[PDB]
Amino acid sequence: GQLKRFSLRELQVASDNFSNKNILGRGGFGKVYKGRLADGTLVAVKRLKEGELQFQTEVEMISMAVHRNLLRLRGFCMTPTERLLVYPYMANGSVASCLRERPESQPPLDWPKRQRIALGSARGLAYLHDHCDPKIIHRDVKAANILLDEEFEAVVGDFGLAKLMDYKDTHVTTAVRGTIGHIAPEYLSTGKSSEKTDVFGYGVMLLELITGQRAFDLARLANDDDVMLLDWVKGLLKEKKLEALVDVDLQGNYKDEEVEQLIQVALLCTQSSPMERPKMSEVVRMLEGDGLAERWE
């Protein structure tokens, strides 16, 4: 059949009565917990703690959107109290973590793994926008929200802010949330989200993969550096040298032209004009080889 009906308790224990040394982090609608299941499976679970109904959309999503580069929901928990969402635990955690951390001294993401990540994730997003009945606007595209499987393939996760369109091509009016780093200018400006605001987010996601930096960082301010990742990088055209901009942890890897390629893509996706941004399928194409050299003026 599919779609697992769970009973709070039989997942309090799976989370070892939940809290404490089981917190992968404070989520968007509560907290994320790593538990097991009776048979064996590592799951991560979302717990809610106090309008919304944001829950029921994340639940019947499964029934409208499935794809190997999209986190598949394992199951949920209702209860006339608070509610829960259970996704597979992801072997290698977020792209954020793998860049932001790591533990003891675990290794960094090499450049070709970063290229795969950009590709799969765009593939997952392209599918959301183009091959789903109501189109699905994700609304939280960022490195923290791209998860990695055991083979380090990207899966797009956390569908907390996802919206179902229809409403033709444009527009989904709804209040601005997420963090400052990944919000499109028109979005904050006009309170409207759309596929092109995902594109912007995805293009900032790439800047993170390439630089290793957060999108909005006071530590850069602590210097004479831009608080805004995009701004910082555009310290490219001027001050020559990727080198300084490219993630220090890479040294060994990448060929100049490799990175320049991804950057152009990131740049194309974060243009202030939504109309000139690529569609994600165009993005995939370019990651796939088709039509980047001329995409710009």
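We number the residues from 1 along the sequence you see.
- According to the PDB entry, the deposited sequence contains 4 to 9 residues between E50 and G51 that lack coordinates.
- Taking the mean C-alpha B-factor of each stretch as recorded, 78 to 86 and 133 to 141 are not equal, and the higher mean is that of 78 to 86.
- Averaged over CA atoms, B-factors in the entry run higher in 23 to 31 than in the other of 23 to 31 and 255 to 263.
- Of the candidates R72, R100, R220, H182, the deposited coordinates give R100 the top C-alpha B factor.
- Of all the options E276, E282, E288, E10, the entry's greatest CA B-factor is assigned to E10.
- When the modelled residues of the chain are ordered by C-alpha B-factor, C269 sits in the lowest third.
- Among the modelled residues of its chain, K192 has a C-alpha B-factor that falls in the middle third, as given in the PDB entry.
- When the modelled residues of the chain are ordered by their C-alpha B factor, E186 lands in the lowest third.
- When all modelled residues of the chain are sorted by CA temperature factor, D198 is found within the lowest third.
- Ranked by Cα temperature factor within the chain, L209 sits in the lowest third according to the deposited record.
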